[PDB]
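A.B. asks: okay, structure incoming, though there's no sequence with it:
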């Protein structure tokens, strides 16, 4: 439905894959992007 | 699981936010939106 919600779910899946391989730096950096996108999604949806 | 219980909870809170918006009740909207954001965060963390 929401394009940005899909982008968030996509990021979260890339974070999962990085966790599953033990890639800590990639998890950390992607998490920052997830947080920012989520707060854009709140701005859109508020 | 399916995520449906959490999704339903979020839909319910969103209906109360709409009701507060419809009355122009700003503080109620903003406080309920904080609760909505916290559950949305968990929804995203549980997504596949």
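C.D. replies: That came through, no problem. Residues are numbered from 1 along each chain as shown, chains lettered A, B, ... in the order given.
A.B. asks: which residue, neighbours along the chain excluded, lies closest to residue A:33?
C.D. replies: Of all residues not flanking residue A:33 in the chain, residue A:11 sits nearest, at 5.9 Å (Cβ to Cβ, 6 or more residues apart in numbering or on different chains). No exception for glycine: its C-beta is placed from N, CA and C like everyone else's.
A.B. asks: number of residues surrounding the one you found?
C.D. replies: 20 (other Cβ atoms under 10 Å in any protein chain shown).
A.B. asks: ok, now the one 10 residues further on?
C.D. replies: Other residues lying near residue A:21 total 10 when counted by other Cβ under 10 Å.
A.B. asks: so what does it look like in phi/psi?
C.D. replies: Taking degrees, to the nearest 10, you get phi -100, psi 0 for the backbone angles of residue A:21.
A.B. asks: name the SS class of the residue nearest to residue A:33, please.
C.D. replies: helix (DSSP: H, G, I helix; E, B strand; the rest coil).
A.B. asks: thanks a lot, catch you later.
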